[PDB]
Amino acid sequence: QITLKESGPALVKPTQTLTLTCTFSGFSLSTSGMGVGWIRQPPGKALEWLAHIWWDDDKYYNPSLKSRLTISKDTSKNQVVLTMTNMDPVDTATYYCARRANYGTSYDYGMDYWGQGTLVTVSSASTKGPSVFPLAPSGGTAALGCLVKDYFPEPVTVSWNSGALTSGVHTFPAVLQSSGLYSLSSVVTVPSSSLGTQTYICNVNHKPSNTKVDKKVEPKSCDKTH
Amino acid sequence: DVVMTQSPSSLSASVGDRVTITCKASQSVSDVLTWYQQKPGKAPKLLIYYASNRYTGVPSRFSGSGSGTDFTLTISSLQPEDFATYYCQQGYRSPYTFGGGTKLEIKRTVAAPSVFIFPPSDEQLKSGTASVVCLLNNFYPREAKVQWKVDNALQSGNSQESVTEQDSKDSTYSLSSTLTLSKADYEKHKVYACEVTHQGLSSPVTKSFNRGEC
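- This entry lists X-ray crystallography as its structure determination method and reports a resolution of 2.50 Å.

## Describing the interface of chain A and chain B
Thought 1: Listed as interface residues are 45 residues of chain A and, on the opposing side, 40 residues of chain B.
Thought 2: Linking chain A with chain B are 1 salt bridge, by the criterion used here.
Thought 3: With a closest N to O distance of 3.1 Å, A:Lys215 and B:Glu123 form a salt bridge.
Thought 4: Contributing elements (two or more residues each) for the side of chain A that touches chain B: β4 (35-41), β5 (48-54), β9 (93-100), β10 (113-114), β12 (131-135), β13 (141-151), β15 (169-171) and β17 (182-191) of chain A.

## Structural notes on the sheet that holds strand β7 (residues 62-67) of chain B
Residue and element names in this part refer to chain B.
Thought 1: Reading across the sheet, the 4 strands line up as β1-β3-β8-β7 and stay open at both edges, with antiparallel pairing between neighbours. Taken across any chain shown, the strands that pair with only one partner, and hence form the sheet edges, are β1 (4-7) and β7. Averaged over neighbouring strand pairs, the angle between their axes works out to 15 degrees when direction is ignored.
Thought 2: Where β7 lies against strand β8 (residues 70-75), 6 bridges are found, and the strand directions are antiparallel. Each bridged residue has a counterpart across the sheet, and for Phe62 the counterpart in β8 is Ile75.

## Examining the sheet that holds strand β15 (residues 153-154) of chain B
Thought 1: Taken together, 4 strands build an open sheet; the order of strands is β15-β14-β18-β19 (chain B) and the sheet is antiparallel. Looking along the sheet, the strands with just one partner apiece sit at the ends: β15 and β19 (205-210) of chain B.

Thresholds applied
- Residues numbered from 1 in each chain as written, not as in the entry; some residues may be left out.
- Chains lettered and ligands numbered in written order.
- Heavy atoms only, no water.
- Residues with missing side-chain atoms left out of burial classes, pairs and counts.
- Contact = heavy atoms within 4.5 Å.
- Salt bridge = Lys/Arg side-chain N within 4 Å of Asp/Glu carboxyl O.
- Helix = DSSP H or I, 4+ residues; strand = E, 2+ residues; numbered from the N terminus.
- Pairing = 2+ DSSP bridges.
- Axes fitted to C-alpha atoms, helices over the stretch in contact; angles between N-to-C directions.

Next comes the structure, spelled out in structure tokens:
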């Protein structure tokens, strides 16, 4: 099927150069009328178009960013590369790639296929993996969760029971703590009856540090309380 | 460049209402306009291509119209799953430009939050810090106030709250307020409580625990 996947560093120091990679399947850049572009979105801000490359290597750039942007393609490897120089903290954003097809015809639906996006943080701080702590539940409903503390940079993905548990889950947006490290929590509402039988494991994944934590959330006892 | 001016920047309408979003171009862009629906944290989904053609799979309540400079996205009967930020985009001239976006909120009935409090884990206490988490679950409207009390002393400057985006099913919000202390500070006091004030509560609700009193 048609796919687009962004790849690049989650962390770029100021003044340094960012290099992003878009890998796709289900279509070819050699086909006439095909093209891939780049769009970025700062957190909570509007979408901003960056560049676009066509099947015939015709390149188009955001005029205000053209002096920093370099777009290229490798049709054989199904890859598009964007290079952005002199990265500024304001360049921290989610970077998307999207594809066009059948250019200029009635079948040109615009940018109908997008990638997931990749988050790039412009900062000088070091990468740090998170610590994962449980939020113990304790017959109506009960709430349990996991604390994902002291990591950098964003993002962190949290799933429960490897995606099998999605109903009632709340993963909260991270907050930059006073220490310069991020911290969030992910909670889930479950019936109290399941606490004795059902197992709950929060699957924390922080790719910038290549850290994976599977943490089982156990009900807390009142013995060993010192 | 072609400037796309979108209005309103945000909107709160009820389920079943008729929503109209306006996008004005600073110069003629013919009918080469695109409408996107974007959920938070996800890539924009294509709704309408060429200003008025519904993309395959888009529900029929979504319609677009207009050409030249004035464009309109119309949701005939608003649905809970329609919470999103909606963007217009012209493809008539490179550089492609976007409108500011319309953040569409679903207006629903008032819902009181479920409140839970989580004392610090023994793992974190072993590492030297202590975080107390106060959970506010599934409430509406978004406006809520969380106050921390330690030995019944009002706290300030040592807590951080975080709110989820609107639920695409029940249209509520959830909030996470965290109180952070060093282990030495946590062991200096016994009573920890978060007090939740919300419109859906007849009186403020407080969840508490006593350190060392399981």
